[PDB]
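Here's the structure we're looking at; comments come further down.
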Amino acid sequence: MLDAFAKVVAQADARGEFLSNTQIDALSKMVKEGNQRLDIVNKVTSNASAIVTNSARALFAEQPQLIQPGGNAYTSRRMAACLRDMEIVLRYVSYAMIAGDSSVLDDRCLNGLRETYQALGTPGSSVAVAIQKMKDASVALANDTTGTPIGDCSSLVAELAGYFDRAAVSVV
Amino acid sequence: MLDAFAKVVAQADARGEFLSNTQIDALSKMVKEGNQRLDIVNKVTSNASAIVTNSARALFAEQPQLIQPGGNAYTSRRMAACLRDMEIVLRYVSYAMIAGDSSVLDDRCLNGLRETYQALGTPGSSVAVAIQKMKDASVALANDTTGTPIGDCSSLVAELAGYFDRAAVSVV
Amino acid sequence: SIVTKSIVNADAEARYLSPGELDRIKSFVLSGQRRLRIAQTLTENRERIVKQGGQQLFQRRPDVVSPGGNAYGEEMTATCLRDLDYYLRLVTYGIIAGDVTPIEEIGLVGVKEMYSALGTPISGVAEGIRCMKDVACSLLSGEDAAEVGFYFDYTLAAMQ
Amino acid sequence: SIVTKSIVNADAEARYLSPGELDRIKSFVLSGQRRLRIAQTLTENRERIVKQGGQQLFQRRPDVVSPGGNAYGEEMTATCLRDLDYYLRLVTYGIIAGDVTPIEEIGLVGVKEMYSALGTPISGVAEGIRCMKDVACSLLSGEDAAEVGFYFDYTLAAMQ
Amino acid sequence: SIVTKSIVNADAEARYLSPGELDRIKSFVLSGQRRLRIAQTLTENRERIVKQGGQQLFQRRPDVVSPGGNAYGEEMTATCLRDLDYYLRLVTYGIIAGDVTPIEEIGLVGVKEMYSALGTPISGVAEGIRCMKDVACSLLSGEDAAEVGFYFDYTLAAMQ
Amino acid sequence: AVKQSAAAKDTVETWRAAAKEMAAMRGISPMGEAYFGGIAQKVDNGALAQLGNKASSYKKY
Amino acid sequence: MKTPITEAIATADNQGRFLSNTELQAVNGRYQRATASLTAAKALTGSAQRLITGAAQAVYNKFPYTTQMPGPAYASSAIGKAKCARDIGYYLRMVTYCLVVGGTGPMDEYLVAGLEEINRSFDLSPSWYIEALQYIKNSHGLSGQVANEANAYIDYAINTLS
Amino acid sequence: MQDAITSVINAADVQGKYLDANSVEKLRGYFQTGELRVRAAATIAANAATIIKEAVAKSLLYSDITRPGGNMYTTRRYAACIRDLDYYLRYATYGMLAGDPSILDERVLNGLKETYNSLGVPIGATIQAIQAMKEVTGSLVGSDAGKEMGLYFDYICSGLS
Amino acid sequence: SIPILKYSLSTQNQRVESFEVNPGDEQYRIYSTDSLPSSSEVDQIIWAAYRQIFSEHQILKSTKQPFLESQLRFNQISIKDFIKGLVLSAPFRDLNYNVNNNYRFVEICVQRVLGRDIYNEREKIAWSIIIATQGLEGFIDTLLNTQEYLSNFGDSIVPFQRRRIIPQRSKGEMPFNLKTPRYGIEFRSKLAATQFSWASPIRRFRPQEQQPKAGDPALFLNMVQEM
Amino acid sequence: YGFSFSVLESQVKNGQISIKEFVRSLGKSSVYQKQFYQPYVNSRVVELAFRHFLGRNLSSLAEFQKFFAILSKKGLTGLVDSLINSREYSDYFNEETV
Ligand SMILES: C=CC1=C(C)[C@@H](Cc2[nH]c(/C=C3N=C(/C=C4\NC(=O)[C@H](C)[C@H]4CC)C(C)=C\3CCC(=O)O)c(CCC(=O)O)c2C)NC1=O
Ligand SMILES: C=CC1=C(C)[C@@H](Cc2[nH]c(/C=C3N=C(/C=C4\NC(=O)[C@H](C)[C@H]4CC)C(C)=C\3CCC(=O)O)c(CCC(=O)O)c2C)NC1=O
Ligand SMILES: CCC1=C(C)/C(=C/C2=NC(=C\c3[nH]c(/C=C4\NC(=O)[C@H](C)[C@H]4CC)c(C)c3CCC(=O)O)/C(CCC(=O)O)=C2C)NC1=O
Ligand SMILES: CCC1=C(C)/C(=C/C2=NC(=C\c3[nH]c(/C=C4\NC(=O)[C@H](C)[C@H]4CC)c(C)c3CCC(=O)O)/C(CCC(=O)O)=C2C)NC1=O
Ligand SMILES: CCC1=C(C)/C(=C/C2=NC(=C\c3[nH]c(/C=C4\NC(=O)[C@H](C)[C@H]4CC)c(C)c3CCC(=O)O)/C(CCC(=O)O)=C2C)NC1=O
Ligand SMILES: CCC1=C(C)/C(=C/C2=NC(=C\c3[nH]c(/C=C4\NC(=O)[C@H](C)[C@H]4CC)c(C)c3CCC(=O)O)/C(CCC(=O)O)=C2C)NC1=O
Ligand SMILES: CCC1=C(C)/C(=C/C2=NC(=C\c3[nH]c(/C=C4\NC(=O)[C@H](C)[C@H]4CC)c(C)c3CCC(=O)O)/C(CCC(=O)O)=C2C)NC1=O
Ligand SMILES: CCC1=C(C)/C(=C/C2=NC(=C\c3[nH]c(/C=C4\NC(=O)[C@H](C)[C@H]4CC)c(C)c3CCC(=O)O)/C(CCC(=O)O)=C2C)NC1=O
Ligand SMILES: CCC1=C(C)/C(=C/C2=NC(=C\c3[nH]c(/C=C4\NC(=O)[C@H](C)[C@H]4CC)c(C)c3CCC(=O)O)/C(CCC(=O)O)=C2C)NC1=O
Ligand SMILES: CCC1=C(C)/C(=C/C2=NC(=C\c3[nH]c(/C=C4\NC(=O)[C@H](C)[C@H]4CC)c(C)c3CCC(=O)O)/C(CCC(=O)O)=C2C)NC1=O
Ligand SMILES: CCC1=C(C)/C(=C/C2=NC(=C\c3[nH]c(/C=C4\NC(=O)[C@H](C)[C@H]4CC)c(C)c3CCC(=O)O)/C(CCC(=O)O)=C2C)NC1=O
């Protein structure tokens, strides 16, 4: 597991030189944005169980055959497993937002998630539909200017949007 | 594990359809042959160790190269394993005769069994004739009328035959 | 197109084009402004026309997507929608060419040999194009829906 | 039969029948005793060959019998087995004629037009004949099962 | 390959192949088992050999990736690594062909005209292949690194 | 021809004893089931279409 | 699914023993009470559309807010009332699946396991479904031991929700 | 158009001599395999459509000749393939029965590679289709019969190259 | 009386040592009952036992074991008797034992219980006769009395996947819940008539002429974004 | 290619028209002229007509100019009717033999 600072340390550890004085200015620009980072995470971790169930409900109206009798997410054993499966993806996306780099997203979550949907028979294209349902709810809640000073945060919600559509192309 | 009743239900819940009136009667057909279904199994477990040792001796009246030095079933660990596997196969087909379909037979025993023996080096078709030495030691033992009165029950012993040759082609 | 087969018709007959042929090449090119608008509607609606096209196709033919169906799994279902994107594209060609000549020699000539040789139910793919037709004609007015639907049902006719 | 098309072959060529044609009419009529025994086995096994034929057909294609399938209900399922009784009958003709000429002009020529025009999945009826083939060849020895199965798979080939 | 130009050499001279030519076609085909192992190492190491190849290339030539460099931005840098994937592929061909004949008529003949006409510094792409060579020879033993590196430096020579 | 009427002229009659006991499996009481892997594919549940008949089945008289 | 047959099979390969006469009597008592069970599953399937639409109306008469509150969890829409009626279709279908196999196997597999996690995620009150099941329990019209078998799997569905 | 017996009779006739021991020695060798060839030609007739469906799906089904721009894109062009592959599996069956590949170059090979170059048909993908079709044909008829039927497939692939 | 089939070992990460004194970040969190937890910290052990022996799915209300949970909190049974109650739990039979055979169930009970991968495929053959002779309750206590269970878990540690990652690296191996799911491809494909008949919904429509061909620079844009 | 002339197979299988009628109507069809008339020259169309409607090549030079001028003036419908209505067709094939 790395954070954003660890990928600059461990890169030049393989090159073996000291960290340059123009690379410190890139790390100090990150800690100036370090407190706008912490309320993108606090906005999405607090409405976490309503990002999930409002995105599942939007999925099951577009593709109604996933919940009809003989469908994949039909029973009450497997509706709960489908609802869990978006909670785990939203968990590791917010983990990779607070670290700054995606090295824990594709390690404990996406490392072979595609190959276990071929074994389970789960439609992997429909999990990537319901991740982009959750991307549209989470970047709208990271623009919420209540209890926070007004400023430009467009470069950090575009990084949160990057970890959502990385986990969508890794299941199809 | 599904019995004969659960295989009707699992096919009807997958389509989301109730049970019809003429499908209730075919399961009510099964329970008036209920004593005849049960006392077949009261033969084949009560003479069960006789069926093993009669067939295992008579296999080497047919293929004595297994007990040859260098052969597969030569040694006393391996002779104890050949009577082991014929005791297990006789055990699961008694479970399917009390069920009514072979779903406990090909989920426990026969699933992935050819690839065991080819990785073991055991001759595949040469254990299938040991199963067919147990069927005629049991379907003749089922037609014996000790203690029970007389009625036409050739339909049930065909299914008792029908498990022994479903199991015979799964090891070849 | 109407221009190329009105020529090859009069070509074979050793003659020039009659007023009946030249008052329609004339009538077709003045129709050309309205044709590009119609094809422009279907061009950037392929996301909905195809995806909702395969919507009704699976609800009407669950066999083809069920286990054992030809388009079963994540793989075949993607190709299951790929063909609909093909046939939706050829209808855009037929609308601009003013004829099913583009649809004729692409996706229609010998189509039963392909789908029979692929194991695909040819009646099933015909059901898919009909589902796309209701989505397409729902995107246009009545004067246009008599055209865009008009090319689909020709594809329905030749596909069975 | 082999007798009628070995004639119409040599008929068209303005010639008589060669030894290659007359040593096979000869070889076929001495085969005639064994053919009637084979057809006699399938004749009064139609109760099991058809009913077990539709056994595996529904287990392999539950769509056709499910609600919405072509053979849904008490009515269509009876006709669902009626066609299998037809094709099982034509195989008895082909075995005695020594050729699929009876099966050719009955149940094969233009069969796709009928079943496409009836809404029946032609691939589904092909699955039905294959299920009958395993029941039929299970009723005969190896020397016979290379024939009785041999006529079914021709019907499978022409039915797709 | 060594087989095709040992032929076209003796072809032009109106003669057959000498022992010097036929004891090397012989010596090359017995070498063929060891060549496929070497090319098999570079085949599924292109992820590291290319990505670490462009690693040292940018650290040694930051001008080409800096603003104003030819490979500037997300776009050109992707194509910046695409060419290295090309030349790494041709080296796998040269190892199996036992000669730079595949590398000769692909990626070497007239290469200066292309890169001069694309605005790319041809010396810069030569630096890229050298960085790939140190990664490639680090993946193999000394007996192999005298070959895999041997084809890179030929590409270095012709690329300047 | 009148001696052969109504029994031997009906080729679908001989399988009516089996095709309406083969087709008495998984009946559906409300509207909606036979979901078939998760699609709609519903029911008609009337007296006619529970026997699978159509408008071309009483009009054949 | 847990039937009386498949639990008699299950204790055999617990020990890895053969099927003795400590399991043939378990299948024997199942065949006694299956003649008062399939006469109950026939009558619940035959009057299924009467029971389902009568049980949707018993919820709406007791809880009239559900027919008029806005929001997705309530049956105040057209599609809210259809999702309510198929839920009571699902609760009646698992009762007649449990009467056929003679045990609580199908509703353990399909209804019960995971039920709390979807009634909490979709804001469905479990007192709605007890009122939908209490209408069925004393208005199926059965009489006797055929009634006594339907009032043990409806009552098993209630005690999960209660 | 000569079979093994026709070729043996021709060479023995072209020298004006009778059928000596060497000419009949090969003829006896052909009659020994007469039983194998008919059963080989039997199953190939049965699974003609299945073999061609297996070859195209195994060799060139998803390659970009199948996609737009590829040599097999339009339905007329796709339908010409299975029509075209049917001749290779059919004429190879004739060579397997006749025991002599004279019928192939007489009726298939001549003007074939010169025709595909005219149409622009890729000879590379064609041979791999026949190679894959040869691979499935060895599945049905067995090993030695596949060796016989396979011996005429590569004859087509060699001359078509 | 029939000893086990003498299989062979292989090369793995758990049978060497790490030289990791003061291990930094990827430690897999030894929950234990010798650290004397509080009643809110017994609850963080019981969730780790449910996540290890089941997956993260089957921690439902019906799959909890509320009488086995109370005997852990009274210190009546150990962790080793608590893992044995979870494999013999009736949710673990009908969800993870009825849907695969004996040669895949050994791959579950060595990946989750022992925390290591299987050595080779003969070990699945060598272990699967224990389940068919004396049962699943005879299979777990001969798997919990091995030296690989006692020498790094003992009587007080909930097990874990030992040495999943290499300490200078960041990729490592696959987690075992994402390695072996509830059922495999061989149980799913054989039941496509009764169960598992779903047919797949429609993918997002990508047009065919926008797909990259050999020699396109759009096949290297994922390489350039990793620079 | 799944082509179909159901009307012509109708009128020939019943005997309403000859094979010669069925062959001539096939020649004036549009699936023919799209196949063997459009992609070629009137020069090459004349020789490809003889291979189809006569089963032989052109014989002389004057046999070309007689049949090129006909195709030159009446196209496909004038050429194929001038081959089917010749004597050489009738001597080999009259009304029944393909
Ligand atoms: C542990 C809890 C914890 C938090 C929740 C944050 C909360 C937080 N954010 C800011 C400070 C800020 N917070 C924002 C954030 C936003 N403005 C917007 O318009 C967006 C809606 C939103 C984030 C997406 C900005 C833009 C600033 C800096 C003000 C500026 O530079 O203009 C500050 C003041 C810091 C300072 O004065 O230096 C604090 C305490 N930090 C924490 O430690
Ligand atoms: C513990 C297990 C167990 C049993 C096996 C049965 C034993 C049993 N079988 C029968 C009764 C019967 N049992 C049989 C069975 C047979 N008769 C034959 O000739 C064949 C050898 C054999 C079937 C293959 C038949 C046919 C009857 C009915 C008697 C009749 O036909 O009149 C009866 C009398 C009442 C009844 O019908 O149930 C009993 C107690 N009951 C049990 O509790
Ligand atoms: C380590 C982190 C982690 C990942 C990445 C993970 C994936 C994962 N998803 C699973 C199941 C599942 N996933 C789904 C999800 C869906 N099916 C659908 O129809 C929808 C399209 C979609 C979501 C809405 C379902 C229904 C199952 C249950 C499989 C079953 O019981 O049949 C399973 C099997 C049981 C489970 O643990 O949930 C795994 C292992 N599990 C993990 O523990
Ligand atoms: C799911 C139920 C189940 C089955 C069916 C099963 C089979 C099974 N049979 C085995 C071995 C064996 N099986 C045989 C049996 C035979 N070899 C012969 O030559 C004869 C044909 C035949 C005896 C009549 C022998 C000799 C071995 C020992 C192989 C060895 O130890 O090297 C082994 C290897 C472990 C061992 O017993 O040593 C397995 C896993 N295991 C199961 O759990
Ligand atoms: C422009 C005219 C045109 C068409 C139409 C066309 C079709 C076409 N469909 C294909 C496959 C396929 N097509 C389907 C289609 C379906 N499955 C179903 O259940 C449905 C009924 C149906 C779609 C609505 C499937 C499943 C495959 C893959 C078959 C296999 O993998 O064996 C393939 C082979 C793979 C490929 O190259 O794409 C081609 C060439 N090509 C063309 O040039
Ligand atoms: C001797 C050659 C021959 C055949 C084969 C034949 C078929 C034939 N099948 C028919 C109907 C039918 N056939 C089916 C068949 C099926 N449904 C399925 O799901 C299955 C896939 C399939 C059977 C295995 C159905 C459902 C009908 C009734 C269709 C309707 O009522 O609209 C009918 C119309 C009713 C009748 O007159 O019987 C004919 C003529 N006729 C012939 O002369
Ligand atoms: C197999 C032999 C072979 C080669 C080598 C080859 C090269 C090649 N390089 C190209 C572009 C390019 N190549 C570069 C390369 C570089 N920029 C730098 O700073 C570096 C010095 C260097 C790479 C290490 C750039 C930036 C472009 C895009 C130029 C532009 O967009 O104007 C293009 C045009 C786009 C394309 O079709 O890919 C071709 C054809 N083609 C071939 O067939
Ligand atoms: C077979 C086992 C099984 C059960 C128990 C089950 C319950 C279930 N009920 C649901 C919804 C629902 N259930 C209701 C039901 C009601 N609301 C009311 O106002 C009425 C009082 C009441 C009952 C008549 C409504 C309105 C929804 C939609 C809520 C939403 O989508 O947010 C959903 C969400 C998905 C959907 O169907 O749209 C599930 C999973 N599903 C199953 O597969
Ligand atoms: C009996 C000996 C014999 C052969 C073999 C033969 C071949 C032959 N192949 C043709 C076309 C064709 N052949 C193909 C074949 C292919 N496309 C591919 O990508 C594959 C590599 C290949 C399938 C294996 C295609 C696509 C056409 C149509 C070309 C066009 O429309 O331009 C044509 C043009 C006319 C027509 O098909 O009606 C002839 C004459 N003729 C003969 O007399
Ligand atoms: C069954 C008995 C057994 C074997 C056979 C075994 C092999 C083994 N060698 C390993 C690593 C290694 N092996 C080497 C050795 C070398 N690399 C070099 O560059 C040198 C050329 C060479 C030695 C001079 C290195 C450096 C690592 C660690 C890789 C790393 O952590 O970066 C690892 C990875 C785990 C670890 O860090 O220890 C295993 C499992 N381990 C065992 O327990
Ligand atoms: C364009 C004007 C036109 C018509 C109408 C026409 C009819 C026509 N109908 C025919 C046969 C036929 N027509 C039928 C029709 C029917 N059987 C019934 O029971 C129904 C009452 C009826 C369907 C409505 C049948 C069964 C044959 C085949 C007769 C046979 O094989 O003996 C034939 C014999 C050749 C063939 O079909 O290939 C011709 C020529 N030809 C024409 O040029």
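Naming works like this for the structure tokens: A, B, ... for the chains as they're shown, residue 1 at the start of each chain, ligands 1 onward in shown order.
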
(message) When you look at region 35-44 of chain D with a cut-off of 8 Å (counting only C-alpha atoms), what residues show up, excluding the ones that are within fewer than 2 positions of it in the same chain? I need them as a ChimeraX atom specification.
(response) /D:31-33,46-47,49,89,92-93,95-96,136,139,144,148

Please save N, CA and C atoms of the selected residues as a PDB file, in the first residue's frame.
```pdb
ATOM      1  N   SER D  31     -29.703 -56.928 -48.542  1.00  0.00           N
ATOM      2  CA  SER D  31     -29.771 -56.193 -47.289  1.00  0.00           C
ATOM      3  C   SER D  31     -31.198 -55.971 -46.812  1.00  0.00           C
ATOM      4  N   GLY D  32     -32.201 -56.312 -47.622  1.00  0.00           N
ATOM      5  CA  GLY D  32     -33.567 -55.953 -47.287  1.00  0.00           C
ATOM      6  C   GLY D  32     -34.132 -56.704 -46.102  1.00  0.00           C
ATOM      7  N   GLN D  33     -33.642 -57.918 -45.855  1.00  0.00           N
ATOM      8  CA  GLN D  33     -34.101 -58.672 -44.694  1.00  0.00           C
ATOM      9  C   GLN D  33     -33.690 -57.981 -43.405  1.00  0.00           C
ATOM     10  N   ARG D  46     -42.391 -46.507 -30.727  1.00  0.00           N
ATOM     11  CA  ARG D  46     -42.677 -45.087 -30.872  1.00  0.00           C
ATOM     12  C   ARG D  46     -43.241 -44.499 -29.590  1.00  0.00           C
ATOM     13  N   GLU D  47     -43.858 -45.333 -28.755  1.00  0.00           N
ATOM     14  CA  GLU D  47     -44.342 -44.864 -27.465  1.00  0.00           C
ATOM     15  C   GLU D  47     -43.199 -44.411 -26.575  1.00  0.00           C
ATOM     16  N   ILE D  49     -39.836 -44.032 -27.787  1.00  0.00           N
ATOM     17  CA  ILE D  49     -38.894 -43.218 -28.537  1.00  0.00           C
ATOM     18  C   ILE D  49     -39.406 -41.799 -28.682  1.00  0.00           C
ATOM     19  N   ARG D  89     -41.404 -41.389 -37.906  1.00  0.00           N
ATOM     20  CA  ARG D  89     -41.991 -42.241 -38.929  1.00  0.00           C
ATOM     21  C   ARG D  89     -41.196 -42.173 -40.220  1.00  0.00           C
ATOM     22  N   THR D  92     -38.223 -44.369 -40.307  1.00  0.00           N
ATOM     23  CA  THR D  92     -38.540 -45.750 -40.636  1.00  0.00           C
ATOM     24  C   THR D  92     -38.700 -45.934 -42.134  1.00  0.00           C
ATOM     25  N   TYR D  93     -39.153 -44.901 -42.841  1.00  0.00           N
ATOM     26  CA  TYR D  93     -39.226 -44.997 -44.292  1.00  0.00           C
ATOM     27  C   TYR D  93     -37.836 -44.974 -44.908  1.00  0.00           C
ATOM     28  N   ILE D  95     -35.044 -45.952 -43.623  1.00  0.00           N
ATOM     29  CA  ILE D  95     -34.315 -47.184 -43.358  1.00  0.00           C
ATOM     30  C   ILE D  95     -34.740 -48.274 -44.326  1.00  0.00           C
ATOM     31  N   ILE D  96     -36.029 -48.334 -44.647  1.00  0.00           N
ATOM     32  CA  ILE D  96     -36.497 -49.359 -45.569  1.00  0.00           C
ATOM     33  C   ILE D  96     -36.222 -48.970 -47.008  1.00  0.00           C
ATOM     34  N   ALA D 136     -33.190 -43.959 -29.782  1.00  0.00           N
ATOM     35  CA  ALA D 136     -33.303 -44.970 -30.825  1.00  0.00           C
ATOM     36  C   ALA D 136     -32.060 -45.847 -30.879  1.00  0.00           C
ATOM     37  N   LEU D 139     -31.644 -48.573 -28.390  1.00  0.00           N
ATOM     38  CA  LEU D 139     -32.496 -49.739 -28.538  1.00  0.00           C
ATOM     39  C   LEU D 139     -31.922 -50.780 -29.484  1.00  0.00           C
ATOM     40  N   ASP D 144     -26.449 -51.793 -35.971  1.00  0.00           N
ATOM     41  CA  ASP D 144     -27.678 -51.111 -36.337  1.00  0.00           C
ATOM     42  C   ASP D 144     -27.665 -49.646 -35.953  1.00  0.00           C
ATOM     43  N   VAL D 148     -29.522 -46.383 -37.795  1.00  0.00           N
ATOM     44  CA  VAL D 148     -30.704 -45.671 -37.311  1.00  0.00           C
ATOM     45  C   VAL D 148     -30.323 -44.272 -36.860  1.00  0.00           C
TER      46      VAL D 148
END
```

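With a cut-off of 6 Å and using only C-alpha atoms and all ligand atoms, the polymer residues contacting ligand 11 are residues 7, 9, 10, 11, 13 and 14 of chain J.
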
(request) List every residue of region 66-153 of chain E that DSSP, applied to the backbone of this structure, places in alpha helix (DSSP H), and write the result as a PyMOL selection string. (result) chain E and resi 73-97+101-104+111-117+122-137+142-153

(message) Taking 5 positions as the minimum chain separation for residues in the same chain, which residues sit within 9 Å of region 37-50 of chain F when counting only C-alpha atoms? Answer as a count of residues only.
(response) 37

(request) Identify every residue of chain A that has at least one atom within 7 Å of any atom of chain I, counting only C-alpha atoms, and report the result as a count of residues only. (result) 15

(request) Check which residues fall inside 12 Å of ligand 2 when counting only C-alpha atoms and all ligand atoms, and print them as an MDAnalysis selection string. (result) (chainID B and resid 31:46 98 138:160) or (chainID G and resid 19:32)

(request) Kindly provide, as a PyMOL selection string, all nucleotide and amino acid residues lying within 6 Å of ligand 6, counting only C-alpha atoms and all ligand atoms. (result) chain D and resi 64-65+69-71+76+79-81+83+86+106-107+118+120-121+124-125+128

(message) Using only C-alpha atoms and a distance of at most 12 Å, pull out the residues of chain H that contact chain I, as a list in words.
(response) residues 63, 64, 65, 66, 67, 68, 69, 70 and 73 of chain H

Those residues you just picked out, can you put them in a file as a PDB file, in the first residue's frame with N, CA, C and O atoms?
```pdb
ATOM      1  N   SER H  63     -11.325 -12.742 -35.955  1.00  0.00           N
ATOM      2  CA  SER H  63     -10.260 -11.906 -36.469  1.00  0.00           C
ATOM      3  C   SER H  63     -10.853 -10.751 -37.264  1.00  0.00           C
ATOM      4  O   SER H  63     -12.028 -10.747 -37.634  1.00  0.00           O
ATOM      5  N   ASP H  64     -10.017  -9.762 -37.539  1.00  0.00           N
ATOM      6  CA  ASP H  64     -10.531  -8.534 -38.122  1.00  0.00           C
ATOM      7  C   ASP H  64     -10.805  -8.633 -39.619  1.00  0.00           C
ATOM      8  O   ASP H  64     -11.181  -7.624 -40.221  1.00  0.00           O
ATOM      9  N   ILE H  65     -10.615  -9.801 -40.241  1.00  0.00           N
ATOM     10  CA  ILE H  65     -11.245 -10.029 -41.536  1.00  0.00           C
ATOM     11  C   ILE H  65     -12.751 -10.124 -41.362  1.00  0.00           C
ATOM     12  O   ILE H  65     -13.516  -9.800 -42.275  1.00  0.00           O
ATOM     13  N   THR H  66     -13.195 -10.572 -40.190  1.00  0.00           N
ATOM     14  CA  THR H  66     -14.611 -10.645 -39.879  1.00  0.00           C
ATOM     15  C   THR H  66     -15.215  -9.275 -39.610  1.00  0.00           C
ATOM     16  O   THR H  66     -16.410  -9.078 -39.841  1.00  0.00           O
ATOM     17  N   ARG H  67     -14.415  -8.329 -39.144  1.00  0.00           N
ATOM     18  CA  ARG H  67     -14.895  -6.998 -38.804  1.00  0.00           C
ATOM     19  C   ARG H  67     -14.954  -6.142 -40.066  1.00  0.00           C
ATOM     20  O   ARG H  67     -14.609  -6.613 -41.150  1.00  0.00           O
ATOM     21  N   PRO H  68     -15.440  -4.897 -39.969  1.00  0.00           N
ATOM     22  CA  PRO H  68     -15.514  -4.047 -41.163  1.00  0.00           C
ATOM     23  C   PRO H  68     -14.145  -3.748 -41.738  1.00  0.00           C
ATOM     24  O   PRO H  68     -13.179  -3.513 -41.009  1.00  0.00           O
ATOM     25  N   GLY H  69     -14.065  -3.771 -43.061  1.00  0.00           N
ATOM     26  CA  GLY H  69     -12.814  -3.624 -43.760  1.00  0.00           C
ATOM     27  C   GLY H  69     -12.106  -4.931 -44.018  1.00  0.00           C
ATOM     28  O   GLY H  69     -11.402  -5.054 -45.025  1.00  0.00           O
ATOM     29  N   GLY H  70     -12.274  -5.905 -43.136  1.00  0.00           N
ATOM     30  CA  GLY H  70     -11.678  -7.208 -43.330  1.00  0.00           C
ATOM     31  C   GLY H  70     -12.299  -7.902 -44.516  1.00  0.00           C
ATOM     32  O   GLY H  70     -13.381  -7.534 -44.960  1.00  0.00           O
ATOM     33  N   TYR H  73     -16.386  -9.189 -44.564  1.00  0.00           N
ATOM     34  CA  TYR H  73     -17.245  -8.343 -43.753  1.00  0.00           C
ATOM     35  C   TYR H  73     -18.709  -8.537 -44.109  1.00  0.00           C
ATOM     36  O   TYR H  73     -19.486  -9.020 -43.283  1.00  0.00           O
TER      37      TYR H  73
END
```

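Restricting the calculation to only C-alpha atoms, the smallest distance between chain F and any of A:22, A:102, A:63, A:11 is found for A:63.
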
List every residue of chain G that has an atom at most 12 Å from any atom of ligand 3, and for each one report the closest atom pair and its distance in Å to one decimal, counting only C-alpha atoms and all ligand atoms, with rows sorted by chain and then by increasing residue number, as CSV.
```
residue,atom,partner,partner_atom_place_in_ligand_line,distance
G:109,CA,ligand 3,31 (O),10.7
G:110,CA,ligand 3,31 (O),11.2
G:113,CA,ligand 3,31 (O),11.3
G:114,CA,ligand 3,31 (O),11.0
```
